[PDB]
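Single chain ahead, by itself, as structure tokens, in the form deposited in one PDB entry.
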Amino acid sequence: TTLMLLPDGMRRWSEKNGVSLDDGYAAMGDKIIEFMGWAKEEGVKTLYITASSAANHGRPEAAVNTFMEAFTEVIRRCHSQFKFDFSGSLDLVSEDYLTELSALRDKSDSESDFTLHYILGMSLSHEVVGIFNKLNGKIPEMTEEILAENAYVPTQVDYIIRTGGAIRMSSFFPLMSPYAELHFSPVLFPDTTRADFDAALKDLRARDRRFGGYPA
């Protein structure tokens, strides 16, 4: 199973509890590690996590480093437990975070049958723009196969969990996975319990799935 987690709710959890944004993101880091264990136990093989939108990288440098440091900490803690990978709008990410993440990809277990994959600077319009400008005037035509090899999410997504209560995709729709089953939880990400996750998976596993076929 391939699962994509949209872990929304950090700021509002911090505000709710009267604690700093650094605390919220620390709680998010701990919850990601717990969630990863739950996913593993339920047979998820690939866990995509939307670390950021393209819009998030236009925030103040200080606030960018808050989330970046929190997402990187998770990988510093657990890179030996999985194959780590990342992609997205890498042009938006500071060199020092790109160097660290590359090192952590290299230090992670390429023989793990579990993949943890961060999407950074996610956004369809930014994604398409980027792919266009990389290949524009360079190749003779685009095909769905060439699109898929340049897409931020390199494989098909079976399920999406969005926490935090918004019922919208925001910047995080996977370009090449039209038939991903969507589960929206009202729980703020750092409050997610194992029962919230189990309810999500019970819903998702019972859906009448649809797979796509050959392009048009």
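Just count from 1 along the sequence shown to find any residue number. Think of the rigid core as the biggest set of C-alphas that the two forms share within 1.5 Å after superposition.
Enquirer: Using only C-alpha atoms and the B-factors in the entry, which stretch averages higher, 118-126 or 141-149?
Expert: Mean C-alpha B-factor is greater for 141-149.
Enquirer: Should the higher mean CA B-factor in the entry be assigned to 180-188 or to 54-62?
Expert: Per the PDB entry, the higher value belongs to 54-62.
Enquirer: Where does residue 81 sit by CA temperature factor within its chain: lowest, middle or highest third?
Expert: CA B-factor rank for residue 81: highest third.
Enquirer: Relative to the other modelled residues in the chain, which third contains the C-alpha temperature factor of residue 21: lowest, middle or highest?
Expert: Its C-alpha B-factor, which the entry lists for residue 21, ranks in the highest third among residues of this chain.
Enquirer: Against its chain's modelled residues, does residue 102's Cα B factor rank lowest, middle or highest third?
Expert: According to the entry, residue 102 has a C-alpha B-factor in the chain's middle third.
Enquirer: Going by the entry, which third of its chain does the Cα temperature factor of residue 15 land in?
Expert: For residue 15, whose C-alpha B-factor we compare with every modelled residue in the chain, the answer is the lowest third.
Enquirer: Split into thirds by Cα B-factor across the chain's modelled residues, where does residue 136 land: lowest, middle or highest?
Expert: Its C-alpha B-factor, which the entry lists for residue 136, ranks in the middle third among residues of this chain.
Just so you know, the form deposited in another entry exists too; it's not on screen, but the next bit is about it.
Enquirer: On a core-based superposition, does residue 43 travel 2 Å or more at its Cα between this form and the one not shown?
Expert: Comparing forms between this form and the one not shown, the residue 43 CA shifts below 2 Å.
Enquirer: Superpose on the rigid core, then tell me if the C-alpha of residue 62 is displaced by 2 angstroms or more between this form and the one not shown.
Expert: Comparing forms between this form and the one not shown, the residue 62 CA shifts at least 2 Å.
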